[PDB]
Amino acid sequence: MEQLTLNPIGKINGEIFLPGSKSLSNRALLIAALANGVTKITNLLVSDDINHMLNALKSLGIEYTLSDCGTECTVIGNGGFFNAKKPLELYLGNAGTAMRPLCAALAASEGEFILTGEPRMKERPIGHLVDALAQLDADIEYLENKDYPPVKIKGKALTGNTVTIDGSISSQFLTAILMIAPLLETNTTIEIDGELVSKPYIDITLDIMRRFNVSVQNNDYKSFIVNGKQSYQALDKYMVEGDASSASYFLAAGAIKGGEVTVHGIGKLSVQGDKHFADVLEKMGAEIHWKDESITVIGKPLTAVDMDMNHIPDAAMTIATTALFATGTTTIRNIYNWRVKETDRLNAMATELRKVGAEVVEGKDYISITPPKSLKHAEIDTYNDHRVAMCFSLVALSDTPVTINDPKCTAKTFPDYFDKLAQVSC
């Protein structure tokens, strides 16, 4: 079907405004809906997943006003859990980051609810959440397949006390439990068996909760101590941070071909995991300046690195194409996570990199990249993966054009990517 050809960019320079991150947009919405008072949410993500969260909240009785074409939401807080007089079916599409938090809040609410989504969501397991909610006394039933949505929920006053949980495999469910637990009538102790995956995901959640006046004690991710009978308090203004993974492409472009780029939407107080990406560009020679709500990169000659990037696997992909512009052989280590996605991103990146003329070595969990003297013109297969398209856009910072197949695979996660890139291309 479609291809996009990007022609050689002589220089990158300018400002990029990142839209709100998906998962923080959902957390901001749910928290503001539960809070006491009026919150103005700014930089809210405009997308189909957020629109389902907005619709679910409207169904549940929450009053808000949208403005600036959906990027600003003034929410009148409900001051606690929801109350629906009639059975509601809430359809959350493919909104994974809304699904678990809402399931938790609805389990604590008064009403009867059916929670469902697209066939893609129905293949995402929910058993850990459901088991943790059952330890809080929740009443939830699988309507189709055991451990999968869709679910029927009869809301109850949940009782906290001791919740014992396994944090290897998934941490998404913990986030949902952390959000509701302060609002219960009892105190809650959450105990984690294993080593907990996705720590930054927990950090973001506890960070936004703290901004809405709710504290939880985190004991090194092995236990969480929660005081009950807390209440979220509305913020005058809350700006949804942009996605740090999305920042990576523009920071890399600025390091390679700048000029100066300032990415707005992510700043110095962010606790997103992929904020660590900037450190890799610094080790490569780029100059980085963190500011209150933005980060600035200034272009410098880059040198290859050999580093573990286990902590930032999405943004690490950006490093694989940035390596095409660095002196020496770049090695990205400890990225087995790339292999367990829909498509094996390790082999996919390697295959496309060889097409532009790089020498690439693939191991179980590393990739090693040696740039050619001159890049070759290629038609890049994107494997339905937004990240592959966005990484290989950086090839246009060479003397050679790049053709990207199926560029609309960006449409659901970052539709304006290519337009934003053109805004900073001179």
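In this text, residue numbers run from 1 along the sequence as written.
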Mean C-alpha temperature factor, higher of 309-317 and 111-119: 111-119
Selected stretch [higher average CA B-factor]: 16-24 or 406-414: 406-414
C-alpha B-factor winner, where the candidates are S294, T97, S223, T331: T97
Selection by C-alpha B-factor (highest) of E352, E241, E287, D193: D193
CA B-factor ranking of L44, expressed as a third of its chain: lowest
Third of the chain's Cα B-factor distribution that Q423 belongs to, per the entry: highest
Lowest, middle or highest third - CA B-factor, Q272: lowest
Entry-reported Cα temperature factor of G77, expressed as the chain third it lands in: middle
Entry-reported Cα temperature factor of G228, expressed as the chain third it lands in: lowest
